[PDB]
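J.: Quick one, protein26.json (JSON, C-alpha atoms):
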```json
[["chain", "number", "residue", "atom", "x", "y", "z"],
["A", 1, "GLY", "CA", -89.38, 71.34, -177.29],
["A", 2, "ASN", "CA", -87.81, 69.48, -180.21],
["A", 3, "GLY", "CA", -84.83, 68.26, -178.19],
["A", 4, "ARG", "CA", -82.25, 71.04, -177.98],
["A", 5, "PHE", "CA", -82.66, 74.48, -176.40],
["A", 6, "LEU", "CA", -79.26, 76.03, -175.65],
["A", 7, "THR", "CA", -76.07, 75.61, -177.64],
["A", 8, "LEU", "CA", -72.71, 76.15, -175.98],
["A", 9, "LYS", "CA", -70.09, 76.09, -178.69],
["A", 10, "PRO", "CA", -66.41, 76.25, -177.64],
["A", 11, "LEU", "CA", -65.36, 78.87, -180.20],
["A", 12, "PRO", "CA", -62.03, 79.02, -182.11],
["A", 13, "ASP", "CA", -61.03, 81.90, -179.83],
["A", 14, "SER", "CA", -60.76, 79.19, -177.19],
["A", 15, "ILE", "CA", -58.31, 76.30, -177.32],
["A", 16, "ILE", "CA", -61.45, 74.23, -177.98],
["A", 17, "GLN", "CA", -63.15, 74.25, -181.40],
["A", 18, "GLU", "CA", -66.21, 72.14, -180.57],
["A", 19, "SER", "CA", -69.95, 72.67, -180.14],
["A", 20, "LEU", "CA", -72.03, 71.64, -177.13],
["A", 21, "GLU", "CA", -75.82, 71.44, -177.07],
["A", 22, "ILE", "CA", -77.80, 71.64, -173.82],
["A", 23, "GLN", "CA", -80.88, 69.48, -174.23],
["A", 24, "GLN", "CA", -83.83, 71.43, -172.81],
["A", 25, "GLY", "CA", -84.80, 68.08, -171.35],
["A", 26, "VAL", "CA", -81.73, 68.03, -169.11],
["A", 27, "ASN", "CA", -81.75, 70.41, -166.15],
["A", 28, "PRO", "CA", -79.29, 71.39, -164.97],
["A", 29, "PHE", "CA", -76.68, 70.85, -167.69],
["A", 30, "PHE", "CA", -73.27, 70.18, -166.15],
["A", 31, "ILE", "CA", -70.03, 71.02, -167.93],
["A", 32, "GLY", "CA", -66.47, 70.03, -167.11],
["A", 33, "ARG", "CA", -63.65, 67.49, -167.42],
["A", 34, "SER", "CA", -65.43, 64.57, -165.77],
["A", 35, "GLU", "CA", -67.70, 62.78, -168.24],
["A", 36, "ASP", "CA", -70.28, 62.96, -165.43],
["A", 37, "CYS", "CA", -70.93, 66.49, -166.66],
["A", 38, "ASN", "CA", -73.63, 66.68, -169.34],
["A", 39, "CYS", "CA", -70.95, 68.54, -171.28],
["A", 40, "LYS", "CA", -67.46, 67.12, -171.83],
["A", 41, "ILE", "CA", -64.59, 69.58, -171.58],
["A", 42, "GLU", "CA", -61.30, 68.50, -170.00],
["A", 43, "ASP", "CA", -59.01, 71.36, -169.04],
["A", 44, "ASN", "CA", -56.48, 70.59, -166.28],
["A", 45, "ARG", "CA", -57.04, 74.18, -165.13],
["A", 46, "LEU", "CA", -60.76, 73.71, -164.41],
["A", 47, "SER", "CA", -62.31, 71.23, -161.97],
["A", 48, "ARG", "CA", -64.29, 68.10, -162.88],
["A", 49, "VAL", "CA", -67.46, 70.18, -162.92],
["A", 50, "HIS", "CA", -66.05, 73.63, -163.66],
["A", 51, "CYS", "CA", -69.57, 74.98, -164.21],
["A", 52, "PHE", "CA", -73.13, 74.03, -165.12],
["A", 53, "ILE", "CA", -76.15, 75.76, -166.66],
["A", 54, "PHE", "CA", -79.55, 75.58, -164.98],
["A", 55, "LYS", "CA", -82.93, 76.67, -166.33],
["A", 56, "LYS", "CA", -85.51, 78.26, -164.04],
["A", 57, "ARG", "CA", -89.01, 79.71, -164.30],
["A", 58, "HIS", "CA", -88.73, 83.49, -164.64],
["A", 59, "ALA", "CA", -91.23, 85.33, -162.42],
["A", 60, "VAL", "CA", -91.54, 89.07, -161.77],
["A", 61, "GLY", "CA", -92.48, 90.71, -158.49],
["A", 62, "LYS", "CA", -95.91, 92.09, -159.38],
["A", 63, "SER", "CA", -98.06, 92.69, -162.46],
["A", 64, "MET", "CA", -101.27, 94.45, -161.39],
["A", 65, "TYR", "CA", -100.97, 97.02, -164.18],
["A", 66, "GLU", "CA", -97.95, 96.64, -166.45],
["A", 67, "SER", "CA", -97.83, 93.61, -168.76],
["A", 68, "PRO", "CA", -94.42, 91.86, -168.51],
["A", 69, "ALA", "CA", -93.23, 88.75, -170.35],
["A", 70, "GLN", "CA", -95.36, 86.50, -168.13],
["A", 71, "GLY", "CA", -93.90, 83.75, -165.97],
["A", 72, "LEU", "CA", -91.84, 81.73, -168.45],
["A", 73, "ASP", "CA", -88.39, 80.09, -168.24],
["A", 74, "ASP", "CA", -84.90, 81.60, -168.00],
["A", 75, "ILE", "CA", -81.59, 79.75, -168.47],
["A", 76, "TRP", "CA", -79.02, 80.41, -165.78],
["A", 77, "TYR", "CA", -75.30, 79.67, -165.87],
["A", 78, "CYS", "CA", -73.88, 78.18, -162.68],
["A", 79, "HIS", "CA", -70.16, 78.15, -161.88],
["A", 80, "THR", "CA", -68.44, 75.76, -159.46],
["A", 81, "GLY", "CA", -64.87, 75.97, -160.75],
["A", 82, "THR", "CA", -62.01, 77.36, -158.68],
["A", 83, "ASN", "CA", -60.23, 79.13, -161.54],
["A", 84, "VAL", "CA", -63.47, 81.12, -161.99],
["A", 85, "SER", "CA", -65.46, 81.63, -165.17],
["A", 86, "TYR", "CA", -66.28, 84.96, -166.78],
["A", 87, "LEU", "CA", -69.60, 85.66, -168.49],
["A", 88, "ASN", "CA", -69.08, 88.45, -171.03],
["A", 89, "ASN", "CA", -68.22, 91.08, -168.41],
["A", 90, "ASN", "CA", -69.51, 89.54, -165.16],
["A", 91, "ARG", "CA", -67.23, 87.60, -162.82],
["A", 92, "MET", "CA", -68.31, 84.06, -161.92],
["A", 93, "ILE", "CA", -66.80, 82.71, -158.71],
["A", 94, "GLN", "CA", -67.40, 79.23, -157.30],
["A", 95, "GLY", "CA", -71.09, 79.25, -156.43],
["A", 96, "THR", "CA", -72.30, 81.95, -158.81],
["A", 97, "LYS", "CA", -75.22, 82.14, -161.24],
["A", 98, "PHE", "CA", -75.83, 84.33, -164.30],
["A", 99, "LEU", "CA", -78.59, 84.53, -166.92],
["A", 100, "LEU", "CA", -77.69, 83.29, -170.40],
["A", 101, "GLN", "CA", -78.96, 85.12, -173.49],
["A", 102, "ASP", "CA", -79.04, 83.80, -177.06],
["A", 103, "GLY", "CA", -75.46, 84.49, -178.06],
["A", 104, "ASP", "CA", -73.87, 84.54, -174.62],
["A", 105, "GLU", "CA", -70.11, 84.09, -174.67],
["A", 106, "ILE", "CA", -68.88, 82.59, -171.41],
["A", 107, "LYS", "CA", -65.24, 82.31, -170.36],
["A", 108, "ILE", "CA", -64.44, 79.07, -168.57],
["A", 109, "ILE", "CA", -60.71, 79.68, -168.11],
["A", 110, "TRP", "CA", -58.36, 82.57, -168.93],
["A", 111, "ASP", "CA", -54.61, 82.79, -168.28],
["A", 112, "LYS", "CA", -52.64, 85.90, -169.25],
["A", 113, "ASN", "CA", -49.20, 84.38, -168.66],
["A", 114, "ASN", "CA", -50.08, 80.91, -169.96],
["A", 115, "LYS", "CA", -52.25, 82.37, -172.73],
["A", 116, "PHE", "CA", -54.75, 79.68, -171.76],
["A", 117, "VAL", "CA", -58.05, 81.02, -173.04],
["A", 118, "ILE", "CA", -61.30, 79.05, -173.09],
["A", 119, "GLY", "CA", -64.88, 80.08, -173.73],
["A", 120, "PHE", "CA", -68.11, 78.75, -175.18],
["A", 121, "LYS", "CA", -70.78, 80.61, -177.13],
["A", 122, "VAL", "CA", -74.31, 80.11, -175.86],
["A", 123, "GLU", "CA", -76.87, 80.01, -178.66],
["A", 124, "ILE", "CA", -80.53, 79.32, -177.92],
["A", 125, "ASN", "CA", -81.87, 77.48, -180.95],
["A", 126, "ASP", "CA", -85.14, 76.33, -179.41],
["A", 127, "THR", "CA", -87.23, 78.29, -176.92],
["A", 128, "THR", "CA", -89.37, 76.00, -174.80],
["A", 129, "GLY", "CA", -92.08, 78.62, -174.38],
["A", 130, "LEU", "CA", -89.66, 81.15, -172.93],
["A", 131, "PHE", "CA", -90.38, 84.76, -171.99],
["A", 132, "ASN", "CA", -87.84, 85.53, -174.72],
["A", 133, "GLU", "CA", -84.96, 83.06, -174.54],
["A", 134, "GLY", "CA", -82.75, 84.33, -171.73],
["A", 135, "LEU", "CA", -81.88, 88.01, -172.16],
["A", 136, "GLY", "CA", -82.87, 88.94, -168.61],
["A", 137, "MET", "CA", -84.43, 92.39, -168.87],
["A", 138, "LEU", "CA", -85.25, 93.13, -165.23],
["A", 139, "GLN", "CA", -84.28, 95.36, -162.28],
["A", 140, "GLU", "CA", -80.53, 94.79, -162.44],
["A", 141, "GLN", "CA", -78.88, 95.07, -165.86],
["A", 142, "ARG", "CA", -77.02, 91.81, -166.47],
["A", 143, "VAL", "CA", -75.72, 91.01, -162.99],
["A", 144, "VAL", "CA", -74.07, 87.84, -161.69],
["A", 145, "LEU", "CA", -76.09, 86.33, -158.84],
["A", 146, "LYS", "CA", -74.95, 83.82, -156.22],
["A", 147, "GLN", "CA", -75.85, 80.13, -156.10],
["A", 148, "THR", "CA", -78.20, 78.78, -153.44],
["A", 149, "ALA", "CA", -78.84, 75.46, -151.68],
["A", 150, "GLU", "CA", -81.00, 74.55, -154.68],
["A", 151, "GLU", "CA", -78.20, 74.93, -157.22],
["A", 152, "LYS", "CA", -75.56, 73.31, -155.01],
["A", 153, "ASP", "CA", -77.96, 70.40, -154.53],
["A", 154, "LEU", "CA", -78.12, 69.79, -158.28],
["A", 155, "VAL", "CA", -74.35, 69.31, -158.47],
["A", 156, "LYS", "CA", -74.32, 67.40, -155.18],
["A", 157, "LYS", "CA", -75.96, 64.49, -156.99],
["A", 158, "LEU", "CA", -73.65, 64.78, -160.00],
["B", 1, "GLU", "CA", -56.12, 58.88, -160.75],
["B", 2, "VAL", "CA", -56.10, 62.52, -161.87],
["B", 3, "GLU", "CA", -57.60, 64.61, -159.06],
["B", 4, "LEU", "CA", -55.89, 68.00, -159.25],
["B", 5, "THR", "CA", -57.12, 71.37, -160.52],
["B", 6, "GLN", "CA", -54.27, 73.30, -162.16],
["B", 7, "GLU", "CA", -55.14, 76.60, -160.47],
["B", 8, "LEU", "CA", -53.49, 79.53, -162.25],
["B", 9, "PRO", "CA", -51.18, 81.85, -160.24]]
```
Render the structure in this file as structure tokens.
T.:
Amino acid sequence: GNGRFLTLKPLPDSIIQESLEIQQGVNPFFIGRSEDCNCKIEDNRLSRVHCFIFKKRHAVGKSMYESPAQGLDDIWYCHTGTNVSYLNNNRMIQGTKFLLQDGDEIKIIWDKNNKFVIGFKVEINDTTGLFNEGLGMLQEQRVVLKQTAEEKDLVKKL
Amino acid sequence: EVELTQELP
């Protein structure tokens, strides 16, 4: 790795026109209002640590015939905010996890009545020897998983 | 002290 792996850039579509870069060296990358979060985004609607991205080693079930993408790394997006975050088309409730693909647009906060719309664009610039970068490609087609004691533990020491 | 998440309706 050169230093940066994933790029979360609060796009103009969102009230925020900034760019965030998740250093492959930092796992997991926390985002939210509180500076404690690797990423700094303060939106009264979201919690201190609205959500955080975590990278994990991608491993298939079996490979005694077919040749998959080997056991590399996959970047996951973890959500801990109450307002809920939305990844493209998958819902992200407090304690959820979803795979992030190069060019993944995640919604941190959306309000129809308040017109409060936030969202960052995930762009993988560097691939630290990844199976691809983070496009999933497995049993379930782009599905939002739930967080476990492992993920919750990462934020516990935030 | 600003500990309050403006949860939307």
J.: Fewer than 6 positions away in the same chain doesn't count, so skip those; otherwise give me all residues within 7 Å of residue 49 in chain A, counting all atoms listed in the file, as a PyMOL selection string.
T.: chain A and resi 30-34+37+80-81
J.: Residues of chain B near chain A: apply a cut-off of 6 Å, count only C-alpha atoms, and supply the list as a list in words.
T.: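 In the required form, that comes to residues 5, 6 and 7 of chain B.
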J.: Excluding range 62-76 of chain A and its own-chain neighbours fewer than 2 positions away, which residues fall within 6 Å of it when counting only C-alpha atoms? Please give them as a list in words.
T.: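 Final neighbour list, sorted by chain and number: residues 53, 54, 55, 56, 57, 58, 59, 60, 98, 99, 100, 130, 131 and 134 of chain A.
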J.: For range 14-17 of chain A, find every residue with an atom within 6 Å (counting only C-alpha atoms), except residues of its own chain fewer than 5 positions away, and show them as a ChimeraX atom specification.
T.: /A:117-119
J.: Can you tell me how far CA of residue 142 in chain A sits from CA of residue 101 in chain A, in Å to one decimal?
T.: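 CA of residue 101 in chain A lies at a distance of 9.9 Å from CA of residue 142 in chain A.
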J.: Go through A:144, A:156, A:27, A:10 one by one, measure the shortest atom-to-atom distance of each to residue 91 in chain A using only C-alpha atoms, and give the residue with the smallest value.
T.: A:144
J.: CA of residue 105 in chain A to CA of residue 120 in chain A: how many Å, to one decimal?
T.: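 Between CA of residue 105 in chain A and CA of residue 120 in chain A the gap works out to 5.7 Å.
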J.: Could you please determine the separation between CA of residue 1 in chain B and CA of residue 52 in chain A in Å, to one decimal place?
T.: 23.2 Å
J.: Could you tell me which of A:22, A:13, A:42, A:122 comes closest to residue 2 in chain B if we count only C-alpha atoms?
T.: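 Nearest candidate to residue 2 in chain B out of A:22, A:13, A:42, A:122: A:42.
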